Amino acid sequence: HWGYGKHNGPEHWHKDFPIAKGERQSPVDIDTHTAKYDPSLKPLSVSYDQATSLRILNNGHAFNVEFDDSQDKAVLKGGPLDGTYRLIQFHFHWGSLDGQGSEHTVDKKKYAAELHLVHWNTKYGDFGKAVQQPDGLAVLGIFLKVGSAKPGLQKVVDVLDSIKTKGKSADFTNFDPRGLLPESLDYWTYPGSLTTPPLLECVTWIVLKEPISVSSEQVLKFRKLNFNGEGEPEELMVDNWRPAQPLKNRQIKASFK
Ligand SMILES: Cc1ccn(O)c(=O)c1
Ligand SMILES: [Zn+2]
């Protein structure tokens, strides 16, 4: 099955998931010079004050911090979006070295990691019906650079040793995702896809311009997780990023001058 190694990595995924070579695949390189300012975009609204985290899961590709999405609680709206999108989970993609790890790139620059806050369009009722639609998801992408620690990340980092291997989960209540956001909500946006199989083309991407800083010790702890299950040969969970895909017939719009 799919993964990020030599025999099952991104260059193989098209055989099981032909949409890998589709018309609106993600991630992409964001050419900042050619991303046009769009004065019709609204400011983004991130309303996370009532977010209810439940659990943290090592799914064998990343760790997901899961939310109760059964009520109207942690929503993204405004910006490029029509309607209301509800937070379901976040996770990260990261590198084996600080010089790589992000999926989107900015003028070919790779950041050390990328945070994805995944939301589904509430007009479709739940996540599973939303991934059957071209406007079913909105993913808020936030770059991570290595420098100062992010204090709001530390509760996540401390729980990782309890979910080292694939299939492990842990209770993870009362985590506030507002502590992972940068000061500015200036963003780029374009239509694209999930960046892991099943690679579905559902996503309005909203990628913030301002990265957050995490410490080298925080990202080192991400790199101690495992892609394998307990009792299987240890393969460190590193380099779980897909490289940039062809832009094709798409425009990237900027919310800022
Ligand atoms: C639903 C989904 C699956 C994989 N990734 O990376 C995402 O950002 C979102
Ligand atoms: Zn992701």
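Residue indices begin at 1 and follow the sequence shown. When a ligand or atom number is given, it counts from 1 through the structure's own listing order.
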Exercise. Can you find a heavy atom in the side chain of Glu114 that is under 4.5 Å from one in the side chain of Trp241?
Worked result: no
Exercise. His93 heavy atoms, cut-off 4.0 Å: which ligand 1 atoms fall inside?
Worked result: 6 (O)
For this session: Return the residue, atom name and 0.1 Å-rounded distance of the protein heavy atom closest to atom 4 (C) of ligand 1.
Result: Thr196 OG1, 3.2 Å
For this session: Closest by any non-hydrogen atom to atom 8 (O) of ligand 1: pick that one out of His91, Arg242, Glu103, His61.
Result: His91
Problem set entry | Close side-chain approach of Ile30 to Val207, heavy-atom, < 4.5 Å | yes
Seminar exercise, completed: Only residue of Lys224, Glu234, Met237 satisfying side-chain contact (heavy atoms from CB on, under 4.5 Å) with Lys164 is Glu234
Exercise. Rounded to the nearest 0.5 Å, how far does CG of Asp176 lie from OH of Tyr48?
Worked result: 10.5 Å
Exercise. Which N/O/S atom belongs to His93 and is the closest one to the Zn ion (ligand 2)?
Worked result: NE2
For this session: Just jot down the ligand 1 atoms closer than 4.0 angstrom to any heavy atom of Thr195, in number order.
Result: 6 (O)
Exercise. What about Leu194 and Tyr190, same hydrophobic cluster or not, with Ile/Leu/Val/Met/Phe/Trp/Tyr joined at side-chain heavy-atom distances under 4.5 Å?
Worked result: yes
For this session: Mark up the atoms of ligand 1 that fall under 4.0 Å of a heavy atom belonging to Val118, in ascending order.
Result: 9 (C)
Problem set entry | For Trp188, the option from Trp205, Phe256, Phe143 that meets ring pair (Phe, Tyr, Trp, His ring centres under 6.0 Å) | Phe256
For this session: Could you please compute the angle at the Zn ion (ligand 2) from NE2 of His91 to ND1 of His116, rounded to 10°?
Result: 110°
For this session: Would you indicate whether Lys150, at its atom NZ, is surrounded by more than 12 heavy atoms from other residues, nucleotides or ligands within a distance under 6.0 Å?
Result: yes
Exercise. Any idea which protein heavy atom is nearest atom 1 (C) of ligand 1, and the distance to it?
Worked result: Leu194 CD2, 3.6 Å
Problem set entry | Heteroatom distance test (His116, ligand 1): nitrogen or oxygen, under 3.5 angstrom | yes
